[PDB]
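Order-wise, the sequence lines are chains U, R, X, Y, D, A, Z, C, L and E.
Position in the first sequence counted from 1, then plus 8, gives you this note's numbering.
Position in the second sequence counted from 1, then plus 32, gives you this note's numbering.
Position in the third sequence counted from 1, then plus 1, gives you this note's numbering.
Position in the fourth sequence counted from 1, then plus 825, gives you this note's numbering.
Position in the fifth sequence counted from 1, then plus 939, gives you this note's numbering.
Position in the sixth sequence counted from 1, then plus 7, gives you this note's numbering.
Position in the seventh sequence counted from 1, then plus 1, gives you this note's numbering.
Position in the eighth sequence counted from 1, then plus 3, gives you this note's numbering.
Position in the ninth sequence counted from 1, then plus 86, gives you this note's numbering.
Position in the tenth sequence counted from 1, then plus 407, gives you this note's numbering.
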Amino acid sequence: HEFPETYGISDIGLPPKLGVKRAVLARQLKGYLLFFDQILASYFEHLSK
Amino acid sequence: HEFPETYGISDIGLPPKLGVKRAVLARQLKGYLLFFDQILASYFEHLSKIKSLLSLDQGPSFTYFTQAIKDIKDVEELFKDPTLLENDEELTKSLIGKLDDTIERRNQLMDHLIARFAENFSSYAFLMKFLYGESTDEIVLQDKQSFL
Amino acid sequence: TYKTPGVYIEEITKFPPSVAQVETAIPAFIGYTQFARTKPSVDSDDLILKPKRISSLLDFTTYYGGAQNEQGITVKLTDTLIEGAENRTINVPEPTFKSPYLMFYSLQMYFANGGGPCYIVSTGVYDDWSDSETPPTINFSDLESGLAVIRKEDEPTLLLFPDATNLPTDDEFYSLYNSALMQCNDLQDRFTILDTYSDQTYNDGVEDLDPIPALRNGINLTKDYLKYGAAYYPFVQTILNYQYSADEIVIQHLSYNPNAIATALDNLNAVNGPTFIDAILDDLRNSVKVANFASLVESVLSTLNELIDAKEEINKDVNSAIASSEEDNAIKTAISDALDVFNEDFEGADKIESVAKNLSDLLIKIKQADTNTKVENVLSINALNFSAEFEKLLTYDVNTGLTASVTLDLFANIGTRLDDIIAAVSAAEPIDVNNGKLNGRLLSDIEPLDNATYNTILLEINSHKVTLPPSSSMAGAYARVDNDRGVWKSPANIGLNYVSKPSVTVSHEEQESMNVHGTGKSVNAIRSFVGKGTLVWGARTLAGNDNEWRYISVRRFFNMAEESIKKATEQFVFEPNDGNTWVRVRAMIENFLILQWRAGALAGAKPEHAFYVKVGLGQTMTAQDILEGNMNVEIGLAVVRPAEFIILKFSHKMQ
Amino acid sequence: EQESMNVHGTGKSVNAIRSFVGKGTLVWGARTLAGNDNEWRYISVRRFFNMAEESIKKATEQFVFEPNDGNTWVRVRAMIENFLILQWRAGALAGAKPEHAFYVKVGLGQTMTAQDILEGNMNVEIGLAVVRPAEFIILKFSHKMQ
Amino acid sequence: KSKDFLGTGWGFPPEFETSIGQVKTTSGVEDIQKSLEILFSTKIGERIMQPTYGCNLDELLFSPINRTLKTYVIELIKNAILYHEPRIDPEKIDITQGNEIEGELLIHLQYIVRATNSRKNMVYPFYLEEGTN
Amino acid sequence: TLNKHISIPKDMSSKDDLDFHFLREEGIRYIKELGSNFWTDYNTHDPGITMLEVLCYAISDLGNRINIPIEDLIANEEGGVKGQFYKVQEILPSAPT
Amino acid sequence: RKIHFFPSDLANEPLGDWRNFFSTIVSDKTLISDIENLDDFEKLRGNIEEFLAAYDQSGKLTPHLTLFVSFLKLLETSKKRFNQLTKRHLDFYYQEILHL
Amino acid sequence: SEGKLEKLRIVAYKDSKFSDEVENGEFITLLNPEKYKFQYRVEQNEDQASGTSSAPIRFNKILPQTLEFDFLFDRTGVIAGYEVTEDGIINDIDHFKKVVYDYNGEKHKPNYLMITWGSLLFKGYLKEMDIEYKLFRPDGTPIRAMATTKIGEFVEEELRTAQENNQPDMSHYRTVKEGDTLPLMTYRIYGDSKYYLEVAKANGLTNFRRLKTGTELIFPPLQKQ
Amino acid sequence: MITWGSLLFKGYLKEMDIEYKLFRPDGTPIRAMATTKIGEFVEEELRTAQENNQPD
Amino acid sequence: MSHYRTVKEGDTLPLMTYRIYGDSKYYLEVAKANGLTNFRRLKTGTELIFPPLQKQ
């Protein structure tokens, strides 16, 4: 949620006119970024315990 | 008398067009402020009595004093019983009353004045108890005044 | 009225409006108000179907009034023990039942967003709730009446209905708007601003409907009507507070140790005794003559007033016992019945309260009787009621030096009845396990008893904000644009005042279907942008695919230009129909249009490419028109249209 | 007490002399003994008229034995209008332009008939809009959040 | 509790309650509105050790209404606010006559409440480190 | 027990996990040491650098919660310390011998 | 208890007194149930002194008491000056009347 | 009273707050000036180094203002509304000089002036004056003169700081709207984005990366020593 | 920022003179003439980007 | 220098001291130089003196 709209990984999505390929690439980036979020989420979770 | 006209507690009153509620509130403020004036009036009153407190002829029966306040236009309505405002001695008994421990305070004043002549009446404290009971306190103060 | 020269400060004053001017953004608002009176201090309502011009909220408030107090506010408190210490939780939820009357709030938004003078038409005035869960409803035919009324006024240019979304069905909602679009086409000078029915999937009693698809099916008129309006979506969350009265809010209390009954019972034990009512009952049971009499009356009157106050205190505590006795409803009934009987000595059944009231009025009259006659000082007792009112306390006390012959009396039945109340209340002491001291009491009542809790509750109540349909803010925004740039400037990319956020977030995938659609029934979007806040995005009409009428600014420009020319030509109506008139009509129209061209409304490098006017026999008229008395004038106009899209391209060379 | 001096059922107003803090003794109020009247409640209005009427009366003495016809009626009008236009510029009379401040009418069929010509009468009608004082000031306050 | 530099104080026409032994107080915007009522209700020399507090609007009683007067009225109001009420900025002063006969002058003052704390605002937990002048 | 005036320090430098600029510089130093053969453009339009700055921001947030005082971090929903500590009334007194 | 109190909803009619405005000073209401008839103030004075200590520099008093107490504290400087009169009187007599 | 020709007035004052009038210190003209003129000056610092193409321009000061106008005195007898006087314009000029020029021994200076005509209202001091005498009676009594005048501007120092409401030194509050972030709001208030963790600690925020859209925040000033 | 057609200029006011010419009878002005002088402002970060200074 | 005034109704001692000296704080020295005890109420025929301030 910290990235710009241009990247296409936010709640409002990406405009249809930009085509499928760009939408697909946005999906690929979300996948990559989860490797960083799952780790951070663990540390926050550890405080709760 | 030190406040502005806007407050409504001065001699010229408050204009009718402002309504009853504002006039009522002015009455409430006058009530509150009397708690400050009655105390100040007492201190001024106390200066007027220095001559009596230290008199060689005859001292007063009270050691604390008060005054009626009459430069306020409705005091006849503010007080539950206006009678007291006609006599400062009754007002004193009602407002200060017992707080004034006259027997002990009167003796301290008399003893000081007697001491100024290098005299001493300590023995009356017990010698009079072989003659009188509780009534000695009045008798002894009368004798000390006569001595001076 | 002032009598003494001076400087006065007043909270409420009337202002002297006086000069009207021609403007293009003038809405009419049709809906319900608190009152509707020409004279600020009369009881009659006489402005309801009389359209009136308002310059600010300051005028609205003196003829129509404010908002209705909400009846749906709930306050709940809970007491619990932590390691032995008490801990109180305060809970004030959002109301689910809200008043349906929104005109006041809508006007506040209109003025906040830059609106000017406007017309108010009331369709009636506010009514009452039936219960805390039953709000009043809106009758469709009231809005239709108001529309028929505004039809006869010439000045208004925009049509709005502040309470349309509270109609019982969507079918009524759509019918109302189709009527407005048809009226705009009949008159040829107005534009309609439309809202959806709801921002949430709503149930029609049969099926669950999506709001944008539902509005599109609802408005089933053709292009000839659709070109006269536009719709906006979603609703907006504002910063306005709800109106309420603290006295009307009841507080629920739950606690680990139940002390509600115990409190009420201890207060009643104090009640049933000599320091509360026996002393009252024992005592209760010619200019000089008037003064003496008047004193004696006042003494009785004062005594009666104390007895009356006593009744009110009793009801306030007994009711908490009733409210708190959740279990064993048999006891709730026993308590309630005992109280209901007690009250009969004070209420209309045998009204002690009216005796006290009447003695007061009579007492004033006898004191003033001395103003002019000895007769008045007799009539006030034997023609009027002093004899008659004292009798209602004791029927014939005068029979003996000691009051006697009390064939009837209003006094002391209180003793037995208080005993009955206490006995019934005491039955609840082993019944009530969960209610605290304030349970069943009013918010205003607690203020003396507790203050930390009271202030906390008020802060929580005021955290709840008002939500409104967007149309009233748009009317405000239209006024700003017309003054800053002109009627030919598009309303889009303008920020809104007093808006925290749109009710819902609309994604790009969704937004494309709002702007371009097979039906042409476009919807303009309200959006939040980073660092900017809430903006209006898009400015198309309900005929959004049309080659001539898809933009709002184009349609509004034409309505304006046509009205101005029409007025300019009235001066020639009864002139001879010949060449000496035809030439004068042309010169005048051309002068109007050349000014609009210089102003930037019309397109074209020089007038020959911006506009034309044709008048003449053999051009626009024939011999038969001269005989009939007709005159035909043909006008064409090239207009300026907005940019909506920006396309960039980059290319390079090596140094 | 002061309110009953300024406004009263009889119209017989009394002006008050008052002491103000930091100023001393001032005259407070300026009404006539017909204080509820719509035209004559202010002192300055009544005194202005007495002055204006005397000045016009003197100005018209030069026409007393002139023929009673159009060549005189026109001269009387021009003179009266000149007096009044000066008073208007001076600030005594109300109105944005002379058409709203005053008028003078003289003529047969307007103010005179055939019988007046025979009797030797001449009728001149004059109207005047005058300036009145402010007595009360009313304030109001309202606010907005930044 | 963000808007704590506007402060809290006694209501102007102080009212005393009996349901609790307290005098009513005001805060925030309510307090500002009562401050304005006080300032324009008092004359310049009426306070004892504050010989320059209040206003001179009474100078204009029993005078005709014109452009010179209106200019003077506006000046008097603006200076009184600049000297004595640090929490606001005047927005507009509208001066009009609503009566052809009655001696009435109508003045409407509109103003804006400041979002930042003034160097002249004596509110207890702030002036100690922020009240420079 | 009076209220004090509240202000904020002006020396925003700690050289630890709460210091954004410090973290950003260390990030870039590590990148050069490990991957400068392939990744040399460190300008602000670069997606790589953009991701680094986002992560640095997230780290500061974590560090800030770790510093929340114990009284709150181990609090119970209902208050008290029943399962965490024994109180002096319970753990210090001794049977009488 | 000797002063009338006027409610804001009556046309200047009295209803009660000012009793409730000083009721927060005394922590045990027993001692003031008939205060106007006392001849022994030792218990009452004791509770008042506890009150004064408890709120000294607490920041917690209602504004009408805050003024009253601040006023009473300012008056302590008057007591200091006033009680020097006995010395001034003695000095005057020995030095200006008797010339010693 | 629209139709009234208003005449220009000048009043003398004793104090710098303009509330205590000099007795018999008011001048009213008999003929209005044709026009008047104002002057405004702002000064900047324009030092730059050699080799550069432009300078950094720094604000330095706002200089005092200036008003100028001309007067005509005439008692010949052709202007409607006025009378011919036995001594001509001798008492008109002597009263005009007593108000605007003469030294006052009570205050050890010349007078404070307020100049009012219509929309105009100006406070200050006389700087310059020239008077030229044109027509005379045979015995040497003047009946016409022309005067040129220059006035400076006065502001009292307590009023200057109230008009320059000078505000990182004071306290501030805002309400959160949708679309706001904490480092962007910190930049617009302080000039730097780096103070966002001190703003979050002063408000008790733990999840500052998502703000809720009704929250009112405080922004404390920076410490000075 | 001063914009008219092709013109676009950023800076500061240095000098101004205003002269009042016509008046209504009650002293309300209806005509005036103003002369103005504007200086030029460049921020220092933009000066080095415009002077793309390049043996180094 | 030295000064004298006569008391008119509406005068107070701290307001008159401010107009003569420039400061209201000298009112207790003016009352002592005139022998006034009840200075909070002035009688409206009294002539007062206002001495100058001492120099060294």
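Positions of the beta carbon are idealized from the N, C-alpha and C atoms, including for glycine.
Residue i to residue j span [Cα, whole Å]
i                  : j                 : result
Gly108 of chain C  : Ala148 of chain C : 29 Å
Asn152 of chain R  : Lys44 of chain Z  : 36 Å
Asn896 of chain Y  : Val889 of chain Y : 14 Å
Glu430 of chain X  : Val122 of chain X : 57 Å
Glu136 of chain R  : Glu51 of chain Z  : 27 Å
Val95 of chain A   : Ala55 of chain Z  : 28 Å
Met1061 of chain D : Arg163 of chain C : 19 Å
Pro54 of chain A   : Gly34 of chain A  : 14 Å
N-terminal and C-terminal residue of the beta strand (DSSP E) that residue i is part of
i                 : result
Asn63 of chain C  : 61 to 65
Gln253 of chain X : 252 to 256
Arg44 of chain C  : 39 to 48
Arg147 of chain C : 145 to 156
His175 of chain C : 175 to 178
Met102 of chain L : 97 to 109
Selected residue, minimal CA-CA separation from residue i, among the options
i                  : options                                : result
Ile240 of chain X  : X:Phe16, X:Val251, X:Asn498            : X:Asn498
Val524 of chain X  : X:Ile595, X:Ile365, X:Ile553           : X:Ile553
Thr152 of chain C  : C:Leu162, C:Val158, C:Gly143, C:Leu129 : C:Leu129
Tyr33 of chain X   : X:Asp164, X:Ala215, X:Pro6             : X:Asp164
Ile1032 of chain D : D:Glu1039, D:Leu1045, D:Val1052        : D:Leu1045
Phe955 of chain D  : Z:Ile33, Z:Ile26, Z:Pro64              : Z:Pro64
Supposed contact pair residue j and residue i - C-beta distance, whole angstroms, cut 8 Å
i                 : j                 : result
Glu37 of chain R  : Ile44 of chain R  : 7 Å
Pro101 of chain X : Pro137 of chain X : 7 Å
Residue i beta carbon near the ligand MN (any heavy atom closer than 7 Å)
i                  : result
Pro1029 of chain D : This structure simply doesn't include the ligand MN, nor any ligand for that matter.
Span of the alpha helix (DSSP H), counted from its first residue to its last, around residue i
i                 : result
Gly477 of chain X : 472 to 485
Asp187 of chain X : 171 to 188
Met423 of chain E : 420 to 428
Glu97 of chain A  : 95 to 98
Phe67 of chain R  : 52 to 79
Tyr156 of chain R : 156 to 159
Worksheet item: For the segment 434 to 449 of chain X, which residues have a beta carbon sitting closer than 8 Å to at least one beta carbon of chain D?
Response: Sequence-ordered contacts of the segment 434 to 449 of chain X with chain D read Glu448, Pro449 [C-beta pairs closer than 8 Å].
Worksheet item: Using a beta-carbon distance cut-off of less than 7 Å, what residues from the segment 19 to 44 of chain C approach chain L?
Response: Taking 7 Å as the Cβ-Cβ cut-off against chain L, the residues of the segment 19 to 44 of chain C that qualify are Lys38, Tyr39, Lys40, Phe41, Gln42, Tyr43, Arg44.
Worksheet item: Relative to chain E, which residues along the segment 836 to 869 of chain Y have a C-beta separation below 9 Å, given in chain order?
Response: Of all residues in the segment 836 to 869 of chain Y, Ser844, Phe845, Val846, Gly847, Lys848, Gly849, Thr850 have a Cβ within less than 9 Å of some Cβ in chain E.
Practice prompt. Could you run through the segment 494 to 521 of chain X and flag, in chain order, every residue whose CB is less than 7 Å away from some CB of chain B?
Written response: Of the protein chains in this structure, namely U, R, X, Y, D, A, Z, C, L and E, none is chain B.
Worksheet item: What residues in the segment 1027 to 1038 of chain D bring their beta carbon closer than 9 Å to a beta carbon of chain E?
Response: Interface annotation for the segment 1027 to 1038 of chain D against chain E: empty, criterion Cβ-Cβ distance under 9 Å.
Practice prompt. Check distances from the C-beta atoms of the segment 949 to 969 of chain D to those of chain Z and list, in chain order, the residues that come in under 8 Å.
Written response: For chain Z, the residues of the segment 949 to 969 of chain D that bring a beta carbon within less than 8 Å of one of its beta carbons are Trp949, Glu954, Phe955, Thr957, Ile959, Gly960, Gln961, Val962, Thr964, in chain order.
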